[PDB]
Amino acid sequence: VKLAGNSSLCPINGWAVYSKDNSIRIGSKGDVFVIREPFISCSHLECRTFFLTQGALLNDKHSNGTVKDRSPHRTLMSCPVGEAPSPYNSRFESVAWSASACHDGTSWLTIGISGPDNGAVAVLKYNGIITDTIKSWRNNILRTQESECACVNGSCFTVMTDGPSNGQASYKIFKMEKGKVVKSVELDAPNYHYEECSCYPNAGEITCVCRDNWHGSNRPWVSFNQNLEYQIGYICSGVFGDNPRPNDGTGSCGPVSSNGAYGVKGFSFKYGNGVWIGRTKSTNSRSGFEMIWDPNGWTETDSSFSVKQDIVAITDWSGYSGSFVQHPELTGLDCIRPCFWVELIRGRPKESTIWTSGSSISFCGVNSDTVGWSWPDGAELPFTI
């Protein structure tokens, strides 16, 4: 039975720890994969951590990591949440160096992009069997979310970008059913920059908060209806979401240029005019992580908010973070659970090692209360190398 996306984000007051895989600590001795962007996505029955791997284990020569980001050895795989991703507990999903995945309530749709930078191609797989293909339309690094795609009413959607990671690039939103692109639209988003979008369903529409790697310290967003009729803008909140960024001053609804000329995959959840923002604690490094509730900051420009829930201390590394959803059909709830996962990145380039991998921690919505704390990766570097 197809996942209805008609309900709304549940009302929350904080975030409860949902999972911590300790991959890198476990991986010191265990056969753990060296990985990146470990995003979570759920079905009507279970939740899985997807991730991309260079096809190498921690503490092996092959973790050498000097390799180009986009190698032909990169693969999308998944394992059950909270488990250290190893070759013994991971299901192969697709060959790719950028990807997303989501479940329509019936089957898994995975989207693995691979090939050369000037002709990369996205392979879509419904229940593991290739169902469609998408080719680079700009011949300049076709790439996608690196987190869950969103499904509604039997249709799933994703955002892909092709073009420079500096100036303008091209952005298309795709609508697919049973792994087949039935429709697609190129956003008319001049002066906007979209990368690694974190999308989620809400009352039959999709919202995505993304990364602006070109020229914005705040994050750009796009929300569209099942017919790909959209709207775009930037979280106006002066609690800037991107990293690097400037100190929290006065925000704006289009690209904040001071310091926002790079970035990190992140997310944000829109509540009315308010925003729950996840972000690194540091303004320079992918260190620390905190959730911030700025009621009415999605439209207003302030530096003030009302709640801050710590997640990872500034003294410990973080990295990519993205959002994921639990549908009522999995929960029994009468709303959609917003949840998020954080990538705790270790090694290069901030640490003196030959490799780079990450741990995940994830949290979920919830009305009852929570607490802030620090759930860092916890590995002692460097490794036997």
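Heads up: residue numbers just count along the shown sequence, starting at 1.
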Between 248-256 and 106-114 (mean CA B-factor, as deposited), the higher: 248-256
Higher-scoring stretch by recorded Cα B factor average, 58-66 or 23-31: 58-66
Member of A261, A189, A99, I134 with the greatest C-alpha B factor (per the PDB record): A261
Of the residues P220, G179, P85, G119, the one carrying the largest Cα B-factor as recorded: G179
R48 - which third its CA temperature factor falls in, relative to the rest of the chain: lowest
B-factor third for the C-alpha atom of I232 within its chain: middle
Lowest, middle or highest third - CA B-factor, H327: middle
Ranked against its chain, the third holding the CA B-factor of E300: highest
Third of the chain, ranked by Cα B-factor, where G288 sits: middle
